[PDB]
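Values below: every heavy atom of this structure, side chains too, minus hydrogens, waters and symmetry copies. Residue numbering restarts at 1 for every chain, and letters A, B, ... go by the order of the sequence lines.
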Number of protein chains: 6
Amino acid sequence: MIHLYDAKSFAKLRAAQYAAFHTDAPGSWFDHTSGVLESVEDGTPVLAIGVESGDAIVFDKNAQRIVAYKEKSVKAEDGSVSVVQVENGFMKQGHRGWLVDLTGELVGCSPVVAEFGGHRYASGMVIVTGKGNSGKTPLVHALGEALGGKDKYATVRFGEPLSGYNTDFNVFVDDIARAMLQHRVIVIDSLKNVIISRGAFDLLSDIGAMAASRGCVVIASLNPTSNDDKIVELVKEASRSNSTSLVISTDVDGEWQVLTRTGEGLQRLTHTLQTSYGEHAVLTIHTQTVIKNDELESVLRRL
Amino acid sequence: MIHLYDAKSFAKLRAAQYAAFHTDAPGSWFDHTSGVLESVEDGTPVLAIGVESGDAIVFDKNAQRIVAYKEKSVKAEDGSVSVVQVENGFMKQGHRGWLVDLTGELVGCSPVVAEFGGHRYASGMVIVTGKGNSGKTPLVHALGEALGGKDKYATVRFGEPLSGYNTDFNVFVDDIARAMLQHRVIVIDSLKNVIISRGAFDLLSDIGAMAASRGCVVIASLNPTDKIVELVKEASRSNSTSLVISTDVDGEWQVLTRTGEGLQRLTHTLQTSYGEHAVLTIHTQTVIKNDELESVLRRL
Amino acid sequence: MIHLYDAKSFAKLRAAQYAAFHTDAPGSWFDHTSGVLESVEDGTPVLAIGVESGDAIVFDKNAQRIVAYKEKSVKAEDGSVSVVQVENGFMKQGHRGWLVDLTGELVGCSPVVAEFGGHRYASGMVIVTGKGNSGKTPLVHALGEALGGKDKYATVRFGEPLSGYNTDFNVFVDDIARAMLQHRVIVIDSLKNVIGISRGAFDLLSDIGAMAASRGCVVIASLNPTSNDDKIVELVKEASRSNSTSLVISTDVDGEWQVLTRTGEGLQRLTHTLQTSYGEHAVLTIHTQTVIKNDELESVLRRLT
Amino acid sequence: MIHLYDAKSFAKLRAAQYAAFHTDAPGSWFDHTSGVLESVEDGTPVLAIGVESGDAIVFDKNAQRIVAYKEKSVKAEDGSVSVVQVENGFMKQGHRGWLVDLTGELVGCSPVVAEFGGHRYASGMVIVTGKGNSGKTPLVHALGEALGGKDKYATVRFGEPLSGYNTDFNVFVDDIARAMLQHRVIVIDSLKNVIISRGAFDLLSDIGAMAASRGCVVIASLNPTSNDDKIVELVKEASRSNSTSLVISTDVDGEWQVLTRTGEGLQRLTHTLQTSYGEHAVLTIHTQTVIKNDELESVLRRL
Amino acid sequence: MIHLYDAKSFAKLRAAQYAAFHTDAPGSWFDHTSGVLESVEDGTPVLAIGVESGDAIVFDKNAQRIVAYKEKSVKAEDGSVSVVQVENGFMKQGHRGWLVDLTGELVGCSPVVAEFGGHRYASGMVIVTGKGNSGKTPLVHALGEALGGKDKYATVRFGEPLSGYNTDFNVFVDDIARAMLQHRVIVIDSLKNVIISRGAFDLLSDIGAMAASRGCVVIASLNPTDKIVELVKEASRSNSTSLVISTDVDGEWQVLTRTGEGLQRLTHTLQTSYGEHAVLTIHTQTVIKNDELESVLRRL
Amino acid sequence: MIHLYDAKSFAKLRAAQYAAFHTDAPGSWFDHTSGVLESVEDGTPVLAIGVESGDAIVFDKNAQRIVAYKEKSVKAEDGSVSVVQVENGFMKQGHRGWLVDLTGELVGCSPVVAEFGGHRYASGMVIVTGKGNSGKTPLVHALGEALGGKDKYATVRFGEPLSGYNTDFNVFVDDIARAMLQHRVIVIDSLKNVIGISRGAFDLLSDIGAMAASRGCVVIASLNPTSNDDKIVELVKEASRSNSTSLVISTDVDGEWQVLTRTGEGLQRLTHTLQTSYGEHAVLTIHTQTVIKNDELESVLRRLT
Ligand SMILES: Nc1ncnc2c1ncn2[C@@H]1O[C@H](COP(=O)(O)CP(=O)(O)OP(=O)(O)O)[C@@H](O)[C@H]1O
Ligand SMILES: Nc1ncnc2c1ncn2[C@@H]1O[C@H](COP(=O)(O)CP(=O)(O)OP(=O)(O)O)[C@@H](O)[C@H]1O
Ligand SMILES: Nc1ncnc2c1ncn2[C@@H]1O[C@H](COP(=O)(O)CP(=O)(O)OP(=O)(O)O)[C@@H](O)[C@H]1O
Ligand SMILES: Nc1ncnc2c1ncn2[C@@H]1O[C@H](COP(=O)(O)CP(=O)(O)OP(=O)(O)O)[C@@H](O)[C@H]1O
Ligand SMILES: Nc1ncnc2c1ncn2[C@@H]1O[C@H](COP(=O)(O)CP(=O)(O)OP(=O)(O)O)[C@@H](O)[C@H]1O
Ligand SMILES: Nc1ncnc2c1ncn2[C@@H]1O[C@H](COP(=O)(O)CP(=O)(O)OP(=O)(O)O)[C@@H](O)[C@H]1O
């Protein structure tokens with residue numbers, strides 16, 4: 001919905017946004033949105049995600065796909081009406097994203113998902129990318145474990161020529177929806193085959209917002225392989241503006257920079273990570289400064 | 001509709017256009033068009049806006065979407081017939097834009113929306129863009145508050161990877177229609193994901209006119225993040241009523257304002273600074289030729 | 001239809017074409033085609049114009065849109081059959097353009113639409129374009145008034161972020177059809193969003209000049225060559241060079257414009273210079289025969305870069 | 001249909017092809033094909049031409065469009081079957097081009113259409129093009145009159161912003177079909193708007209063959225306007241390989257080169273034309289050498 | 001179908017492939033496949049070829065087009081089922097190419113089609129191309145006559161602005177199917193208009209295999225008249241069984257012949273001259289590596 | 001499905017992945033997945049592969065195509081539901097790839113398919129490519145024989161102008177499905193026409209490596225990088241780099257090839273050099289662990305220019 005502001009109510013939002021990343025307990029928002037989802041009466045649609053064609057599939061609170069659902073109009077506070085209808089396993093009426101309000105007046109936030117090694121990490125989508133010899137796949141699994149903390153992280157596998165990997169986009173989005181519905185920390189390996197169909201474009205523009213609203217983090221690997229001049233800009237656009245955070249490799253092997261958006265129209269934070277391999281290629285991450293736009297664009301130009 | 005002119009009736013229009021920006025009370029036009037919308041008998045379509053596919057959804061005066069509406073033919077003054085029909089939530093007959101006449105003979109104007117810091121600002125669409133370190137999002141919220149004045153401004157959020165942001169274009173246009181139907185000052189953050197579907201092209205070409213006719217202002221951020229750059233330049237140059245663009249110095253912005261159909265564009269400079277929690281404050285008439293304008297556009 | 005010629009009948013056509021621009025009374029052709037349209041029995045389709053999709057809408061002599069019309073076959077002189085059918089507000093059979101013969105044997109002309117400041121102006125489409133500081137919008141309104149003369153000119157507004165401007169292409173073509181059906185002098189502001197591409201937009205660019213020249217009316221359209229994208233500027237150049245009957249283009253000096261006029265199908269293009277100035281409330285006033293070769297023409301077009 | 005050859009029957013074809021251009025009386029072939037068309041029983045389809053969509057409209061011997069026609073299978077000599085069917089004004093079965101055999105064993109010819117100023121001109125399509133100040137429109141009308149000789153030439157008008165000009169492609173092809181069905185010399189002004197829809201591509205590839213088979217000549221103006229690098233190659237391809245003859249302007253105003261294909265796999269002929277204007281811009285053309293491929297490509301590179 | 005191999009059965013295939021080009025009598029394979037086609041019971045589909053849309057038309061052994069044919073499932077040796085069905089003149093089920101097995105275990109061959117002037121020529125598709133002043137059309141007719149030998153060659157004409165030339169792709173493929181069904185040596189003039197529709201892409205990828213399986217040769221002219229040049233190079237390099245290309249000297253041509261699946265390509269030089277009425281006469285084993293091959297292709 | 005991990009269960013997966021390539025018996029995985037397929041009750045869909053249009057055809061355990069199959073919902077361990085439905089010979093519901101779980105918790109592996117000349121080779125797709133004079137076709141047949149070992153290898157032929165070669169994409173994918181369902185070692189000659197693009201072709205390139213690695217079979221495909229068109233060579237590089245489990249590429253010296261093998265999802269790539277020579281009738285014979293970094297890998301890929 002839309003929101004009205006004056007100087008005073010806008011100042012409050014800014015303070016609340018600052019708290020959502022800087023002072024709230026890590027994982028709080030996820031726990032809150034879990035409660036909201038749990039309170040939804042059983043069978044009610046909560047999440048719609050776009051399939052390859054551009055149509056959408058719909059899930060309930062238990063991550064069960066909804067095949068049929070009678071038309072149902074819900075009137076919001078501001079007067080706006082949201083209608084949801086499902087027929088033959090596809091969304092007839094409604095929109096992509098969260099079908100129940102998980103956020104209320106608390107919008108434009110990057111809810112803190114976890115704290116590791118003295119740094120706070122944001123929910124939403126984290127893209128892991130860059131060039132050089134530093135491996136993406138070992139990093140995303142290390143990050144998934146680290147941000148998981150006490151909790152296990154979920155792995156969605158997609159589009160690699162290895163055993164057990166799904167390569168069908170429609171199964172991929174089904175896995176993602178379920179992961180965001182049930183887990184705080186989610187790893188995607190990889191985002192190469194989405195990088196184009198309507199579903200793929202939708203996913204790139206939707207997933208960051210879906211995750212930030214949930215309070216979960218989606219850690220996606222994206223190897224910038226080809227040199228074709230239009231596709232590299234799509235990698236840069238996904239890295240710059242479709243991701244809540246960016247994790248990018250550097251000139252030195254094992255070393256990564258983390259760039260974190262802290263909130264709608266707020267300054268982006270940067271910190272450096274050191275890593276090393278243990279037995280069987282398991283990577284271990286070793287244990288606040290702002291960044292301007294020219295520094296940001298300088299980092300993007302390494303891709 | 002079409003309009004006929006001779007020297008005399010054209011001279012009157014020019015005078016009336018000049019007044020609509022320079023001498024009319026700020027917010028007047030919005031208040032007038034509010035009255036026109038309020039006088040529309042209940043259930044009559046007033047606004048149609050294009051969805052992603054290129055079809056259109058239709059709203060009444062209360063910003064309620066119309067699912068069904070019997071065919072209805074209205075004859076204009078010039079003899080042209082406008083037919084409106086809605087079925088299954090979509091426009092069967094009609095056009096995108098305002099479905100009732102908000103303007104009459106008063107066309108080609110940039111109705112003054114507000115006055116702030118000694119400068120008059122135009123209704124229609126304002127695109128906030130540019131490169132460098134000056135932030136777009138804090139500027140649009142500061143501008144929304146400033147032009148709001150006594151009134152609260154409306155915020156439409158779209159296409160950012162942050163909490164509560166809608167990313168579905170069809171919800172986005174629903175929010176916009178409602179905002180223009182009910183509020184004088186409107187902020188859009190951001191216009192990146194529209195920058196391509198039929199709906200997106202329609203919106204870029206429609207929204208400035210929709211807003212200028214209403215007397216409301218739509219302040220939209222557009223971070224120019226490689227040929228599309230021309231689509232950013234075209235949106236900035238010719239699809240926006242005003243342009244707010246960053247400069248070499250951080251916090252400093254130039255405002256370029258179209259004052260009317262075939263009139264000179266005005267320019268003024270804004271200074272800004274941040275307070276607590278990254279809240280931006282804007283500190284408190286010269287014409288610009290085309291070569292100066294194109295020089296400004298070439299910074300994008 | 002098609003036309004047969006020998007040396008003699010072709011020479012007559014050339015003479016008649018020369019007269020249609022150089023010696024006929026200004027506005028004559030418009031008055032003649034008005035009479036032809038008026039003689040059409042009521043309800044008969046006269047004009048079809050393409051909408052955004054590429055389908056066509058159809059109008060009668062009174063500029064009323066035709067929703068339904070029984071199939072009807074009309075045999076021309078050369079033996080060619082033109083069938084017209086309309087159903088559910090769209091053309092089922094027929095073609096875009098004039099559905100009745102307004103021209104007969106008199107084809108390939110640029111019928112003189114008006115005379116102003118010692119110069120004759122052609123009917124058809126005039127594109128007003130160019131770069132520099134000289135404003136397009138004030139010029140088209142000044143030209144509309146000047147060529148209007150005793151008559152008011154019609155203004156079609158399209159695709160600007162200002163009050164009352166329609167931005168829907170299908171309403172735009174409805175306005176244009178009505179304008180050409182009822183008025184000799186017509187202003188379009190602006191032609192940017194058609195250059196911004198749909199089937200209707202391509203059709204309009206290729207159709208409108210011929211529609212207007214056949215009517216004897218003039219369509220004065222502004223076209224600001226904004227973007228530097230290398231394919232779109234050629235579409236501006238192509239519209240200026242070959243889809244317009246006349247070209248009005250700005251120069252290095254502010255207020256000064258060159259007018260390039262096609263006088264007839266295989267004929268030399270004429271050029272003259274206009275001076276202008278602003279009065280009160282930004283009202284522009286235009287102040288009061290030489291041929292041009294192709295290399296001079298292409299030289300003029302290369303300023304649109 | 002297909003044709004079988006040995007050394008001897010192939011040598012005969014070559015001789016017959018040589019005669020069709022060099023020794024046959026000018027206009028002979030047209031008169032012969034007129035007789036063939038006249039002998040077709042009334043109502044039988046003779047010509048199909050593609051409309052904008054790529055569907056085809058069909059005409060009888062009198063240049064009357066056929067709205068409906070029962071399915072009808074005709075067996076050729078070699079065993080090949082040609083089926084023709086028309087329904088709702090469009091071709092259901094059949095092919096684009098001539099629906100009756102106008103040529104028999106006499107194929108690959110450029111039947112002489114006329115003789116003017118000591119030079120023989122070929123039937124088929126002549127494209128008039130080039131850059132510089134020499135006007136295309138006055139040249140095509142002068143050529144139409146000259147090759148017409150005793151006969152009037154037909155003018156098809158298309159795609160110019162002048163009075164009486166049709167701009168609808170479907171009317172354009174209707175005019176062309178009628179012109180080729182009834183007249184030996186045909187002028188098209190202009191071929192700019194076809195230069196893309198299926199109909200336009202079809203027309204460019206079809207018309208030369210349609211005309212050469214009829215023994216009529218189609219003289220089409222084509223101003224090479226824009227500099228866009230793919231469209232100029234389409235102008236070059238139409239000039240080089242879709243036209244039977246090419247008439248192209250030179251460095252000197254009023255002077256034109258004519259390049260004529262004399263037959264399937266035969267040498268191309270070249271000659272120079274001088275012109276001048278009389279009263280009311282009427283152009284007058286003033287009154288055998290072979291050309292190799294490198295000379296031909298050199299001429300094309302002026303476009 | 002698929003084939004299984006070990007060292008021994010693979011060695012046999014290689015020997016049989018070598019013989020199919022180097023030692024078998026010229027024209028043998030054509031005569032054998034003629035017998036196979038003749039033994040097909042009347043009305044059974046034998047060949048399917050793609051039309052402009054990408055659908056396929058189907059022919060019987062007599063080169064008669066099949067309008068209707070009941071669904072019919074044939075089980076191959078490896079267990080794979082081939083179903084053929086035709087309805088309303090188009091293939092409902094099946095595949096493009098030969099619908100009856102003409103080859104069996106004998107696959108990957110270039111069956112010798114003829115011997116002329118001391119050189120053996122392969123069946124399949126021969127593309128005649130190149131730049132310079134040496135004419136393509138006279139060469140293909142000379143080659144058609146020479147490889148014909150005692151037999152007349154068939155000429156398919158397509159896409160030239162000359163009398164009697166068909167320009168409709170669907171008639172073109174009908175002519176080709178009939179030619180391959182009934183004749184060993186076939187000339188196509190020209191392959192320019194196919195060089196894009198689904199049918200055209202299909203034909204380029206299908207025809208070489210169709211011809212090599214039949215034991216017939218398709219000699220196609222292709223004048224390389226700006227990126228499509230790669231489509232000409234790809235057709236010349238990998239879609240043709242043999243390549244005949246002009247040289248720096250007029251009348252002189254190089255012939256590059258694939259002798260079999262994964263075998264070395266052979267090269268020889270041809271001299272030609274014109275007689276009366278532009279009739280060309282061709283005057284009367286060395287391997288070539290890949291770098292020499294790519295060097296030849298770079299002249300296009 | 002999705003998998004949950006902590007440090008400990010992730011460490012186990014890594015160890016199991018290492019074993020799947022380095023210590024398991026060659027061909028083991030194939031034999032295990034054969035058993036899984038054999039235990040599927042008869043008539044149940046096991047494999048779906050995309051045809052030219054982008055629709056999918058479906059096969060049972062015996063490599064028989066399924067024309068019709070009632071809707072059937074199977075619930076996985078994680079709660080995710082997989083529905084399979086076939087009608088009129090095409091997949092109505094389901095996904096491309098394996099329709100039964102062949103892998104369980106054992107994912108991200110490169111199951112060892114064979115051992116030859118002191119080197120272990122991975123299952124999945126091997127692309128054989130490169131420039132220079134070293135022949136692709138003789139190499140793939142030599143590799144098929146060598147990795148076959150005691151077993152015959154299957155040959156799928158596609159898109160060459162030689163006798164008996166199928167050129168229809170829909171037959172090609174039918175052959176491939178059957179090959180992977182019944183044989184451990186599979187040769188494809190060639191992969192040029194799929195790079196020559198339809199939905200089916202794009203699907204196949206992105207699907208086949210995973211299909212094969214999951215089965216424990218190896219698909220050895222030749223891919224001659226012919227044309228110099230700048231977008232198509234990147235599609236060859238992308239297929240070689242990221243769509244293939246292993247890469248076999250020719251070198252400056254004739255007969256010599258480099259083999260680059262992915263050992264597992266987040267693991268180091270291995271490299272070794274092969275020498276070859278021809279015997280009688282052009283039969284190629286291959287003569288009888290070092291890791292490679294990314295910059296060395298990209299250096300190898302840049303030879304395909
Ligand atoms: N123990 C170890 N030591 C050093 N480097 C290692 C390593 N284990 C893995 N790596 C590196 O990690 C990389 C593997 O991950 P990535 O390259 O980022 C994605 P990928 O597995 O190559 O799939 P892709 O084909 O989609 O790129 C390898 O290039 C390898 O060099
Ligand atoms: N207190 C403060 N002091 C200085 N700069 C600040 C600030 N708060 C925010 N900014 C600047 O404002 C910018 C944020 O606004 P935008 O220009 O719209 C980029 P964004 O919206 O965050 O990402 P996007 O371009 O993907 O939408 C940042 O570049 C940041 O440097
Ligand atoms: N009184 C006056 N004196 C000098 N110049 C004037 C003027 N009134 C108008 N102009 C000039 O006329 C121009 C307006 O016309 P144009 O710029 O050519 C098209 P536009 O109406 O601005 O729409 P566009 O900019 O979206 O294309 C202004 O840029 C201004 O410089
Ligand atoms: N009497 C005359 N003397 C010299 N040149 C003449 C002439 N009459 C006509 N011309 C030339 O002939 C040309 C007109 O024909 P063309 O340019 O070849 C096609 P066009 O009429 O310009 O339509 P186009 O817009 O499609 O190009 C003019 O450029 C003109 O210079
Ligand atoms: N008697 C002769 N002496 C020398 N050259 C001859 C000849 N007869 C024909 N030629 C050459 O053969 C060529 C004709 O064959 P092609 O190379 O196929 C070109 P085309 O088929 O005529 O046009 P196209 O490329 O548009 O198909 C001409 O270039 C001509 O110079
Ligand atoms: N006995 C032998 N000695 C040396 N080289 C041989 C050989 N047998 C085959 N070759 C080489 O192997 C090559 C054949 O394989 P490739 O060229 O790599 C693919 P192809 O089978 O030719 O199909 P393509 O050319 O359409 O891609 C020949 O070019 C030849 O040089």
Asker: In Å and rounded to the nearest 0.5 Å, what is the CD1 to CZ distance from E/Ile195 to E/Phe201?
Answerer: 11.0 Å
Asker: Less than 4.5 Å to any heavy atom of chain E: does that hold for the side chain of D/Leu266, its backbone, both, or neither?
Answerer: side chain
Asker: Would you mind checking if D/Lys8 and E/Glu145 are paired as a salt bridge, meaning a charged N to carboxylate O distance below 4.0 Å?
Answerer: no
Asker: Identify which part of D/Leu204 has an atom lying under 4.5 Å from any heavy atom of chain E, answering side chain, backbone, both or neither.
Answerer: neither
Asker: Heavy-atom distances under 4.5 Å only: say whether D/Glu237 touches chain E with side chain, backbone, both or neither.
Answerer: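 Contact with chain E: side chain only.
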Asker: Working to the nearest 0.5 angstrom, can you tell me the gap between E/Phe169 CZ and D/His95 NE2?
Answerer: 15.5 Å
Asker: Checking D/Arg261 against chain E: side chain, backbone, both or neither under 4.5 Å from a heavy atom?
Answerer: side chain
Asker: Closest approach of E/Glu87 and E/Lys92, non-hydrogen atoms and distance?
Answerer: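 Looking at all heavy atoms of both residues, the shortest contact is OE1-NZ, 2.8 Å.
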Asker: Heavy-atom distance under 4.5 Å to chain E: side chain of D/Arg240, backbone, both or neither?
Answerer: side chain
Asker: If I measure from the heavy atoms of chain D, does E/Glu276 come under 4.5 Å with its side chain, its backbone, both, or neither?
Answerer: neither
Asker: Would you mind telling me which of D/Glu264, D/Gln267, D/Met1, D/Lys236 has the largest number of heavy-atom pairs within less than 4.5 Å of chain E?
Answerer: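 Of the candidates given, the most pairs with chain E belong to D/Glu264.
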Asker: Which atoms of D/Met210 come close to chain E, meaning under 4.5 Å heavy atom to heavy atom: side chain ones, backbone ones, both, or neither?
Answerer: neither
Asker: Please classify the contact of D/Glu233 with chain E as side chain, backbone, both or neither, using a heavy-atom distance under 4.5 Å.
Answerer: side chain
Asker: Do you know which of E/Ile245, E/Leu243, E/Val244 makes side-chain contact (heavy atoms from CB on, under 4.5 Å) with E/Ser236?
Answerer: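 Result: among E/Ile245, E/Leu243, E/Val244, E/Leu243 is the only option passing the side-chain contact (heavy atoms from CB on, under 4.5 Å) with E/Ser236.
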Asker: So for D/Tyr18, is it side chain, backbone, both, or neither that comes closer than 4.5 Å to the heavy atoms of chain E?
Answerer: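 When you check distances to chain E, only side chain atoms of D/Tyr18 fall under 4.5 Å.
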Asker: Where on D/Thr103 is there a heavy atom nearer than 4.5 Å to chain E: the side chain, the backbone, both, or neither?
Answerer: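 D/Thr103 touches chain E through side-chain heavy atoms alone.
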Asker: Taking the six-membered ring for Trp, are E/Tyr153 and E/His183 closer than 6.0 Å centroid to centroid?
Answerer: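 When the ring centroids of E/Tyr153 and E/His183 are compared, they turn out to be at least 6.0 Å apart.
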Asker: Would you mind checking which part of E/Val171 comes under 4.5 Å of any heavy atom in chain D, side chain (CB onward), backbone (N, CA, C, O), both or neither?
Answerer: side chain
Asker: Pick whichever of E/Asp226, E/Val187, E/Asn166, E/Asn170 has the most heavy-atom pairs under 4.5 Å with chain D.
Answerer: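 Of the candidates given, the most pairs with chain D belong to E/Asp226.
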Asker: Between E/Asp168 and D/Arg96, is the closest basic N to carboxylate O distance under 4.0 Å?
Answerer: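 Judged by the 4.0 Å cut-off on N to carboxylate O distance, D/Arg96 and E/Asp168 do form a salt bridge.
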Asker: Would you compute the distance between atom CD of E/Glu38 and atom OG1 of E/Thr33 and round it to the nearest 0.5 angstrom?
Answerer: 9.5 Å
Asker: Taking every heavy-atom pair that is under 4.5 Å apart, which of E/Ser197, E/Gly89, E/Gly164, E/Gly132 has the most such pairs with chain D?
Answerer: E/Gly164
Asker: At a heavy-atom separation under 4.5 Å, does D/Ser243 approach chain E through its side chain, its backbone, both, or neither?
Answerer: backbone
Asker: Heavy-atom distances under 4.5 Å only: say whether D/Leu106 touches chain E with side chain, backbone, both or neither.
Answerer: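 Answer is backbone: N, CA, C or O of D/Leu106 sit under 4.5 Å from chain E.
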Asker: Please determine, among E/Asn133, E/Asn193, E/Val279, the option with the most heavy-atom pairs under 4.5 Å with chain D.
Answerer: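 Heavy-atom pairs under 4.5 Å are most numerous for E/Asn133.
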Asker: Taking all heavy atoms of E/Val255 and all of E/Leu270, pick out the closest pair and write down the distance.
Answerer: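 Between these two residues, the closest heavy atoms are CG2-CD2, 3.7 Å.
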Asker: So which residue, E/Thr225, E/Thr137, E/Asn223, ends up with the most heavy-atom pairs under 4.5 Å with chain D?
Answerer: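 Answer, by heavy-atom pair count under 4.5 Å with chain D: E/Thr225.
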